[PDB]
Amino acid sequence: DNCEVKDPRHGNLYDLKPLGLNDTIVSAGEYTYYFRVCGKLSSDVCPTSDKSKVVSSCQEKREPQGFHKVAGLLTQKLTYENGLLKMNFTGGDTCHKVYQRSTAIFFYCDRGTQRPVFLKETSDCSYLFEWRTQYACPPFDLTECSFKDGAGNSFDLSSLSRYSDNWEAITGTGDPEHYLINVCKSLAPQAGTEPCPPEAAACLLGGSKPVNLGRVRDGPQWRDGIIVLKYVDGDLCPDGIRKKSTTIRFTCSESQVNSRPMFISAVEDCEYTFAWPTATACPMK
């Protein structure tokens, strides 16, 4: 009800009503999809002589030889299920005799708001869309991610900051553990029932419980001839005095446009080290 749902891990309240100010129109091949977040369609499409139905989503095969199919009825239900924000307009026109068309929007956290995109139609005639929008973001920590070297060259790692997912570090194929990392921000929300601590910018998964390997503090800087980003104040180290920390060493490699951080070392379950050759770490022009 009411186009809102609370995040059970962060406590913030997602409110997608600003996305329902107007009809949303999405082209997908020969189709145009119309839907209204938490409201009735105002567009002159998908007429129904059944008054008890309030149409909120419409699939239009454009002319020539066009047609309209009701793809979902009015709902203000927004669900948050194991880390995923979804809205499902149900009750559309009959499909393959035993189904009814539906329209499902998956909302993902984004730096801004991108136009929604049609993904696929499921075998039960559910039309799946993704919508990347800042409205789907729980709170996160963020630091400046641009910097200079001593010679005045400029650098910016901001494009490695990921809002809807996280970087999975590359370990040996035998490693039963895996590492999630983000850049100049805490981790993006994760699907599942075992999420990392909300304050973590780096996290160790595979043990009994996720482990926070450090929080955002300061941005990246050139130190001793290497670009370094450090996360601090993770979970307590086993010695009981220090808190876990993570160092990411970046190096410029123009060919490395879709690289991932590589796990280098974990010392005393306390200091974690990653190395990341990336075209993003090269001097800007």
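Don't overthink the numbering: it's just position in the shown sequence, from 1.
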Item to complete: Would you tell me which stretch averages the higher CA B-factor in the PDB entry, 126 to 134 or 164 to 172?
Response: 164 to 172
Practice prompt. Name the higher of the two by mean Cα B-factor in the PDB entry, 117 to 125 versus 191 to 199.
Written response: 191 to 199
Worksheet entry | Largest Cα B-factor, entry values, listed residues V70, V37, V257, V216 | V257
Worksheet, complete the sentence: When the entry's CA B-factors for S56, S245, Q59, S52 are compared, the highest one belongs to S52
Discussion item. Quick check for you: using the entry's CA B-factors within this chain, is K97 in the lowest, middle or highest third?
Written reply: middle
Worksheet, complete the sentence: Entry-reported C-alpha B-factor of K209 relative to its chain, by third, is highest
Item to complete: Sort the modelled residues of this chain by their C-alpha B factor and say whether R223 lands in the lowest, middle or highest third.
Response: highest
Fill in: Third assignment of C145 from its chain's C-alpha B-factors
middle
Item to complete: Could you tell me which third, lowest, middle or highest, the C-alpha B-factor of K77 occupies within its chain?
Response: lowest
